[PDB]
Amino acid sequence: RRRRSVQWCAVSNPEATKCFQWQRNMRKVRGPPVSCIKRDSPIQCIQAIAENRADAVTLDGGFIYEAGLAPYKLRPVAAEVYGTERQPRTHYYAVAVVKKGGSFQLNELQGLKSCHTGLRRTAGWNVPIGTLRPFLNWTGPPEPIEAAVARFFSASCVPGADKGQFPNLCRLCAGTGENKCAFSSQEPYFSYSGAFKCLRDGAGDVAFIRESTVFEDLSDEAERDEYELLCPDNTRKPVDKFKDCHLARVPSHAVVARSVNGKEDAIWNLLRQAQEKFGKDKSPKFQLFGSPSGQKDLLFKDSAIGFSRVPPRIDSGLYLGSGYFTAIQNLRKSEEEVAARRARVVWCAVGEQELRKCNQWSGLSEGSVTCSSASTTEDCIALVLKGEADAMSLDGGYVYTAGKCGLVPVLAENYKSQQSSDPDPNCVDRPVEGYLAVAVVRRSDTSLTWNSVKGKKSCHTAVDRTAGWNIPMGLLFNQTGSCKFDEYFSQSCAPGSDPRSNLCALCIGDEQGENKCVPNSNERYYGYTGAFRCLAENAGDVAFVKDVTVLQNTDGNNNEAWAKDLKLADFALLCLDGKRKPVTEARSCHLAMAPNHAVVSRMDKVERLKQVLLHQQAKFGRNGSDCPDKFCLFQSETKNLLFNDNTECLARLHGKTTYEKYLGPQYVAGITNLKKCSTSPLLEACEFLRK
């Protein structure tokens, strides 16, 4: 019996009591064991877990944030599920409840009394204070935002607030002795029910709680009818219209654990069983989501219906969402800073080389652009979802992943039109035509055709990319129906695959032979140029890139060791009909048309991003002023850093504003079918966050 049990952290004795009886009800059913640690508060529980004196604790969104900061760096592993089994949900609503009779609105709360669940809590603090910020006249740090709130409401109860500094924030609290304004059950006006009671007793005029509270504490439509909700559009509405009248939709509470060795498996298994044996209306003995007559929400939310496992790739920031995560951060910043962040564009670069060019561009951007980075394209997508970065140009294959994650396309890379336009002046409005995905091979391997490419050595720009992967693998998968992608070719270089896999054999990493198969420019065989090089150096027999890639790296067009002497004539294209044509005939010999690369971003940065990039390219574009005098956005010496060097300009999407519409139904269907074989951690995570 190696595992002794999962160590749960309680924050009160009544919680510890419910814990201990959970422990015995567990072994009584012979299920996974669970012990109980005792502490005074969430942060104590958070610390206890970070230093191995405990394993799990469930926290509100506000503390999930805290719990995720250094040195704790805890992770949300399971989310509470609310609603009904018919329509479950891993989120709830932060609303403002008031009694019928008054007439004030959400914008007329000054001088009135308020009831909060507790300091730093989602519904009780972070959401309402964030929503009311423009009425607070707060001047920003180092002046605590609390002081501003203390001057806004004539009085209130904010469990946990500093009684000495902000006595006004505790004035309404009903706790006796040193328990007044206590962040615990001792304070009768603590948490959702507490803050709600504070409203009923008349101590306050407005309570900031979740949508269910009124339905949980009031069993009788008659009473519920004495209450209303303050909607952000400054109007009132029935307490059952929260879906149309809430201050914010927020992620449910979640059990958190260490990221080091958190024993996620143990916790999940314990929660999985506990949910079935003592879950919602399961056993009469013990009840996981129920509490005594004088208690509420002990260990978990009362009336919650179960747990939902949280995908491994999700950290606290990702779990909280772009909006909420940054909203919390914005509570600790002046309005000048927030507005400044709202105006700048944080590009994310993949790898050091892209980072170097980004910084170079940042310095010449006049404060409009700054940089961030990760070692893979997906990590960057994660950084954008967290608000730590805002934009990047992606291959169509990635636009798909970015789309499933909620990001949208904003501008596309435009290439030289089907035929001569002469440094086009209307490049910005010339619809994109896509580029040609082809399969290149050496002229000399005369017997190599498309019908016999299987089993050979392959070169791919990277896994999940259009020309290099989605199209060639999709064509082959359509034939065999086999998901065993790593057997399509004897061996290859497909950056982004498993290093121990044959899909990585041919890769060569960088000069030191490091970063083998890494999906960024450090791997010399990465991307278009990298995949072609993989062929030109006889590493592979076929390379899946686009047509203009050969042209650019042959006939002196690229003066680099490996490509200095390569000639266009020494390469051919494999057509789907078995024929072999010269690269110059790609127009009638290509695997498929691929949608252009596009710049993606969050919906909230679209307009700003669009005007910044348009200004920036006018300055450093193909025919920009400062290029090549000072800097050129679309140049990186055949490195295709940040953008494709053959980018004429960034153009408008003419309506194709979503990934589904930009990539097109067919390509999207094709990719989806390809994903059935396997999904990445990013997609797994985004699927979870979209539910």
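Residue indices: 1-based, along the sequence shown.
Higher mean CA temperature factor, per the PDB entry, when comparing 487 to 495 with 507 to 515: 507 to 515.
Averaged over their C-alpha atoms, the temperature factors of 378 to 386 and 473 to 481 are higher for 473 to 481.
Taking the deposited Cα B-factors for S308, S373, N559, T213, the highest one is held by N559. The residue among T549, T461, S193, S291 whose C-alpha carries the highest B-factor in the deposited model is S291. Placement of the Cα temperature factor of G177 within the chain: highest third of the modelled residues, per the deposited record.
Among all modelled residues in this chain, the alpha-carbon of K333 has a temperature factor (C-alpha) in the middle third. Placement of the Cα temperature factor of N168 within the chain: highest third of the modelled residues, per the deposited record.
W268 sits in the middle third of its chain by CA B factor, as recorded in the PDB entry. In the PDB entry, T326 places in the lowest third of its chain by CA B-factor.
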